[PDB]
Ligand SMILES: *[C@@H]1O[C@H](CO)[C@@H](O[C@@H]2O[C@H](CO)[C@@H](O[C@@H]3O[C@H](CO[C@H]4O[C@H](CO[C@H]5O[C@H](CO)[C@@H](O)[C@H](O)[C@@H]5O)[C@@H](O)[C@H](O[C@H]5O[C@H](CO)[C@@H](O)[C@H](O)[C@@H]5O)[C@@H]4O)[C@@H](O)[C@H](O[C@H]4O[C@H](CO)[C@@H](O)[C@H](O)[C@@H]4O[C@H]4O[C@H](CO)[C@@H](O)[C@H](O)[C@@H]4O)[C@@H]3O)[C@H](O)[C@H]2NC(C)=O)[C@H](O)[C@H]1NC(C)=O
Ligand SMILES: *[C@@H]1O[C@H](CO)[C@@H](O[C@@H]2O[C@H](CO)[C@@H](O[C@@H]3O[C@H](CO)[C@@H](O)[C@H](O)[C@@H]3O)[C@H](O)[C@H]2NC(C)=O)[C@H](O)[C@H]1NC(C)=O
Ligand SMILES: *[C@@H]1O[C@H](CO)[C@@H](O[C@@H]2O[C@H](CO)[C@@H](O)[C@H](O)[C@H]2NC(C)=O)[C@H](O)[C@H]1NC(C)=O
Ligand SMILES: *[C@@H]1O[C@H](CO)[C@@H](O)[C@H](O)[C@H]1NC(C)=O
Ligand SMILES: *[C@@H]1O[C@H](CO)[C@@H](O)[C@H](O)[C@H]1NC(C)=O
Ligand SMILES: *[C@@H]1O[C@H](CO)[C@@H](O)[C@H](O)[C@H]1NC(C)=O
Ligand SMILES: *[C@@H]1O[C@H](CO)[C@@H](O)[C@H](O)[C@H]1NC(C)=O
């Protein structure tokens with residue numbers, strides 16, 4: 001139905017942030033959502049168009065990064081099959097804005113092999129100052 | 001890299017007509033990898049259309065749109081007060097994917 | 001228990017035929033990206 | 001609860017963190033009695 | 001050929017600095033590893049310590065760091081210092097050499113091997129008795 | 001300290017109290033009372049110069065065997081005790097020597 005991510009954390013230049021985007025909030029749940037569906041992470045700055053930040057596969061959480069955020073972005077999931085994480089080390093005063101996580105089959109399902117982000121979840125905000 | 005631009009950046013219309021949301025591609029899109037999203041300030045950005053022309057689950061009959069090659073159009077049948085929000089188009093294919101800049105409708 | 005030596009399992013591959021197979025698959029893959037493109041094999045990304 | 005320490009201590013080889021020795025209680029065919037057992041588990045099998 | 005001579009004070013007062021020195025004649029000390037073995041009456045042998053080309057004085061952990069190992073290349077000598085000694089280790093000392101050979105059982109690339117120290121050439125050894133009288 | 005009594009002529013097999021566990025590399029010693037200790041057998045097969053060719057050890061093939069010392073042609077002056085140094089993989093750096101097997105030949 002809808003995805004869930006929490007966090008309104010402020011940050012300092014030189015630290016790391018951790019954003020968890022879970023599906024079905026109760027912790028002891030077996031949604032199976034992070035199991036056959038790819039998940040896109042997308043950043044958006046205010047007054048700027050949204051840019052791609054990184055997709056994670058549901059097979060064994062194999063991440064696919066971009067060339068702009070390659071050497072300072074690690075993301076995976078825990079032992080339970082929910083709650084993918086988002087660790088962005090090497091902060092900057094340029095990426096202040098909102099973050100989104102969206103579910104996407106990415107052409108791996110059985111009907112029609114579609115390409116669509118059917119549901120987006122929440123949208124957190126990350127600011128940094130001193 | 002295929003850059004996705006949108007020339008109608010500012011749009012204004014009355015409730016109850018048809019609007020055209022055009023988008024230009026750079027060099028030869030595959031005409032089956034494109035998506036439209038309805039963004040707003042502090043809300044949940046939902047999807048409105050699949051691919052070239054295929055509706056989603058939570059989409060009424062008034063939302064449609066086609067296009068092929070390098071030009072893609074979104075054709076809304078009627079304008080509602082629950083639709084005055086910005087729109088963002090995106091493509092697929094090789095990583096990284098890129099959005100289509102940004103457009104916005106308004107009430108006047 | 002372990003009655004013997006505490007060792008680690010390890011898989012052995014022959015270096016010469018593996019290097020020849022890598023050169024052959026590089027020469028095969030070079031038919032799609034021109035001549036002067038540096039193909040670089042790297043390690044895995046991460047995850048589970 | 002697995003009371004688990006390091007098996008084969010002060011070994012200067014590569015395999016150091018793995019092969020941990022743990023002891024625990026286990027039920028038997030008589031449900032009033034228990035049985036203390038010892039076993040070896042790998043590093044990827046036990047969490048503190 | 002490497003020859004070892006010994007020297008000793010003989011009479012040692014308890015709880016002060018003990019010093020027993022063996023001397024090397026015949027070759028240099030670049031590769032051979034010098035070790036010391038204590039033999040006490042009423043028990044077996046005992047390893048005091050050894051030295052190598054890394055200048056690491058690895059002591060036995062059952063001595064509570066009561067021995068100090070040092071060597072010297074300018075005078076062909078080596079110093080064996082002690083402090084706060086007991087009157088219950090009246091024993092004859094030994095100065096020996098040791099060669100290091102590796103024993104490999106698996107693959108050398110992972111480190112599945114170990115070291116030993118063989119003592120082939122030994123010294124004569126002079127007894128050192130400690131007593132309050 | 002363990003005693004042993006072996007008469008003249010026949011051979012003898014002397015084991016040490018340390019049970020070997022793993023790849024073995026022993027250094028058999030021999031210490032006369034008052035004299036200097038000498039190295040008899042190192043690395044389970046080899047032998048240094050000056051030692052006669054009467055002391056044979058045990059190889060490391062078919063692990064599970066006992067590391068013993070064979071004295072072929074025992075003479076009358078073999079009253080010195082031996083030392084079985086143990087160097088293996090699991091026990092790490094061994095510091096002590098072990099039990100001294102005192103061989104007392106009669107006659
Ligand atoms: C994947 O690949 C890797 C490599 O890429 C494989 O790892 C290899 O694993 C084997 C065993 O699984 C290791 O063999 C071991 O080697 C040590 C020491 O190495 C000896 O051999 C070297 C080769 O030279 C010739 O000598 C041997 C005989 O020793 C011949 O059989 C060979 O064919 C070679 O022609 C040699 O260079 C070494 O150097 C020393 O040489 C002399 C002799 O000491 C010295 O003068 C030198 O100064 C130098 O020190 C050495 O000779 C052996 O010790 C191991 O054998 C012992 O242990 C066995 C198991 O316990 C036991 O059965 C044996 O009998 C033996 O025990 C005793 O036997 C000797 C008989 O004389 C005694 O003298 C000795 O004291 C001992 O106590 C063992 O054979 C490889 O080294 C290793 N490779 C590398 C690079 O490390 C891996 O297996 C592969 N995996 C798979 C799945 O395929
Ligand atoms: C696999 O992906 C590639 C890359 O997107 C697809 O190739 C693209 O195909 C379109 C036609 O469907 C090409 O558009 C054409 O462009 C020329 C000008 O270059 C124009 O004159 C034509 O009228 C047409 O619009 C596009 O250029 C081409 N892109 C590239 C990089 O070659 C391909 O269709 C995909 N599918 C396969 C191979 O099945
Ligand atoms: C179930 O147990 C595992 C094993 O401890 C938990 O995984 C760890 O969770 C903590 C949370 O503080 C992390 O710091 C560790 O890095 C995790 N270990 C990993 C990923 O190997 C897991 O969270 C537990 N699930 C629950 C409690 O729902
Ligand atoms: C692997 O096993 C085969 C089995 O016959 C053998 O022929 C070969 O020499 C072994 N080693 C390598 C490196 O292939
Ligand atoms: C691999 O094969 C090529 C053949 O073109 C050769 O030039 C090269 O030296 C070989 N080895 C390595 C490590 O690349
Ligand atoms: C790359 O080199 C090969 C050499 O055999 C040649 O056949 C091929 O045409 C070259 N590629 C291009 C794009 O020219
Ligand atoms: C098994 O149960 C007994 C009962 O008191 C307890 O003392 C013991 O510690 C238990 N074993 C382990 C390994 O905890």
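Three principal axis extents of chain C based on alpha-carbon atoms, in descending order, are 57, 30, 12 Å. Between the stretch B:1-66 and the stretch A:28-60, what is the C-alpha centre distance in whole Å? The stretch B:1-66 and the stretch A:28-60 have Cα centres spaced 21 Å from each other.
For chain E, report the convex hull volume of the alpha-carbon atoms normalised per residue, in Å³, without decimals.
Numbers: hull volume 17.8 nm³, N = 133.
Dividing the Cα hull volume of chain E by its residue count gives 134 Å³.
Shape class of chain D from the Cα gyration tensor (axes a ≥ b ≥ c, square roots of the eigenvalues): prolate, since a/c reaches 1.5 or more and a/b is larger than b/c. Estimated from helical segments only, the mean residue ellipticity of the protein assembly as shown at 222 nm is -1000 deg cm²/dmol, where each DSSP H run of four or more residues counts as -39500 (n - 2.57).
Restricting attention to chain F, close to 85% of DSSP beta bridges with both partner residues there are antiparallel.
For the protein assembly as shown, give me the percentage of DSSP beta bridges that are antiparallel, rounded to the nearest 5 percent.
Percentage antiparallel, nearest 5: 95.
Within chain E, DSSP assigns beta bridges of which about 95% are antiparallel (rounded to the nearest 5). When chain A is treated as a Gaussian network with alpha carbon springs shorter than 10 Å, the biggest mean-square fluctuation among A:66, A:57, A:79 belongs to A:79. If you run the Gaussian network model on chain E, springs between alpha carbon atoms under 10 Å, then out of E:40, E:70, E:109 the most flexible one is E:109. Taking a ≥ b ≥ c as the square roots of the eigenvalues of the Cα gyration tensor, the stretch A:46-105 is classed as prolate, since a/c reaches at least 1.5 and a/b is larger than b/c.
In terms of the Cα gyration tensor, with a ≥ b ≥ c the square roots of its eigenvalues, is the stretch E:24-99 rounded because a/c is under 1.5, prolate because a/b exceeds b/c, or oblate? In terms of gyration-tensor shape, prolate.
Determine, at each q value in 0.19, 0.23 (inverse angstroms), the log₁₀ of I(q)/I(0) that the Debye formula gives when each Cα of chain B is one equal point scatterer. For chain B at q = 0.19, 0.23 Å⁻¹, log10 I(q)/I(0) is -0.98, -1.42. Counting, for every residue in F:89-101, the Cβ atoms of other protein chains within 10 Å of its Cβ and taking the mean gives 5.
In terms of Cα atoms, the Rg and Dmax of the stretch B:31-83 work out to 11.6, 34 Å. For peptide E:115-127, the mean count of partner chain Cβ atoms within 10 Å of a residue's Cβ comes to 5. Peptide F:44-53 shows a mean partner chain C-beta count of 1 within 10 Å per residue C-beta.
Looking at chain F, what % of the alpha carbon pairs are farther apart than 18 Å? Before the final figure, lay out each step's value.
Working: 2736 of 5671 pairs.
That fraction is 48 percent.
Once the gyration tensor of the Cα atoms in the protein assembly as shown is diagonalised, the equivalent ellipsoid follows with semi-axes of 80, 26, 25 Å, ordered largest first.
Normalising the Debye intensity of chain A to I(0), with uniform scatterers on Cα atoms only, and taking log10 at q = 0.19, 0.21 Å⁻¹ returns -1.13, -1.35. Between the stretch F:58-107 and the stretch E:10-58, the alpha-carbon centres lie 24 Å apart. Once the gyration tensor of the Cα atoms in the stretch E:74-118 is diagonalised, the equivalent ellipsoid follows with semi-axes of 35, 16, 11 Å, ordered largest first.
Read-outs throughout are calculated quantities, based only on the coordinates presented, and are distinct from any laboratory measurement. FYI the Cβ positions are ideal-geometry reconstructions off the backbone, even for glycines, and counts take in every protein chain you see.
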